[PDB]
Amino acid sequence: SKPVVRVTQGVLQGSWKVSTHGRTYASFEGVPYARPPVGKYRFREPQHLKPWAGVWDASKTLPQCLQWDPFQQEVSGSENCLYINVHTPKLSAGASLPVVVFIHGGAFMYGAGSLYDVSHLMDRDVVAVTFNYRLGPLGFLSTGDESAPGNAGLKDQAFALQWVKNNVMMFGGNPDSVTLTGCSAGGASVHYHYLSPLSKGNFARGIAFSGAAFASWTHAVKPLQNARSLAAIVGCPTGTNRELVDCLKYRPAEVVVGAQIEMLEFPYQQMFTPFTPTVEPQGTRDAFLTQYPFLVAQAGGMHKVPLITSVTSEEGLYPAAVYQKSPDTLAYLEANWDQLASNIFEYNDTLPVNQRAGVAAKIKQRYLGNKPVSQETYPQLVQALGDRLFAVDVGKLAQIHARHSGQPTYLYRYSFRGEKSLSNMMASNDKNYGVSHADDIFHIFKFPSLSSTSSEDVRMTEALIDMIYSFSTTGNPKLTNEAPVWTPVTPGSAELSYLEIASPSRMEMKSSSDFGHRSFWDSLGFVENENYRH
């Protein structure tokens, strides 16, 4: 007899699944949490879902949000994609389990909640929650005015957190013990939820894996320039912002999503998108965010709940791993370094054009010693990209939360290299380039063909899940009993305490005065964070 739950909008029938270690759990997939954002509701904030008649089939995951998938080089999914997936080993309203919510990555351009299998997590007494939010121009169009204020896809997320608060009890989750977690755009997304009034009081604690809302690729400074370009590529007449959004509302969703890749200086190898979170205009009704993330954070405006944030030793394998796919790509980066530095390091909009030559030469000086880009300099290219894109702003996230929150704030550096890496998928080889962006996450979740059953990988899976469970219950994150105590970041210290996770059996407390080599990246004159003005 298949598992059944009533939620606010009606009755769900799910499936019975098995955890990694042979335990039964209830799985409810393809649960709608919002009206389909279709027709006049393309680009608009999520609308309330009208209750459904009869029993809704929650046995299968439903379509991912319509997206440019750069790995498959196609448009895939559907406009009808606002689906949540809820997994419980205790299907009982009185179970009151910690709730682990996961916001997927994909640079706000691609991905899906349904790619992340919760088999490992279901060997613990938590409810796991994955979900879809609108992506690319569908999720993040902005004309910088009431026509398209921006952040639709973050409003989808907030709406999903609101849905979890109102409905997770029926799956045996404690709404008052939600652990909000995410990776890449999802980690940035967790940080965005700390900053927004919309998500205040809707999570007890956070984990931002390899992502912060302070990172340039997570934030659009010139949305109206992006919207006009998209509209022009698609043959929409330029005139009023009203006419622009109206023409985009009536073009096929597939034409609007696919067109983004044809924009001028579109991210090299399509690993990021200009359709990202932005600052919504002043006086926007129920805005997600009306001020630049750094100014909200430094005013102490982040929600006062604990935080784990984290990076891997070779973060830059996103995107640098895709550079190994074609053997011509490193030679192309060498030949065109001066034009493409502002691209791959994502300061297209936050540095004057006349300053690009200068900054390009400083980056090549600092990390490559001015050597040509090649297989020999690949590791330094990876460190450079990982520092700029992920590690620096993860360090600022940890420090600024530790500084303002009055709450335990933890940092980890993951340097365990297991059987498999995300580099395998992105490079299409089995070469070891170190520990990629998301190689820790691929131990918590099963991602298609990036799951291992080696003894050492299985132990890391247990350790990282013990980190989430211990953080969600006691509040003191602990991977193993033998590990030295994980110390929080000291409020107001120039020094950042982090757990260095070399392996499941080897981790110790370390310290950086210059996390991600911030002193270098802060000195290049990017109009970001400490240097931001209107």
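Heads up: residue numbers just count along the shown sequence, starting at 1.
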query	finding
Selected stretch [higher average CA B-factor]: 446 to 454 or 161 to 169	446 to 454
Selected stretch [higher average CA B-factor]: 76 to 84 or 417 to 425	417 to 425
Deposited CA B-factor, highest of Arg134, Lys431, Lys155, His191	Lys431
Of the residues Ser210, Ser374, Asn151, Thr130, the one carrying the largest Cα B-factor as recorded	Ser374
Third of the chain, ranked by Cα B-factor, where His104 sits	lowest
Lowest, middle or highest third - CA B-factor, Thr329	highest
Within-chain third of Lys304 by Cα B-factor, per the entry	middle
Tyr367 by Cα B-factor - lowest, middle or highest third of the modelled chain	highest
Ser310 - Cα temperature factor, lowest/middle/highest third of chain	lowest
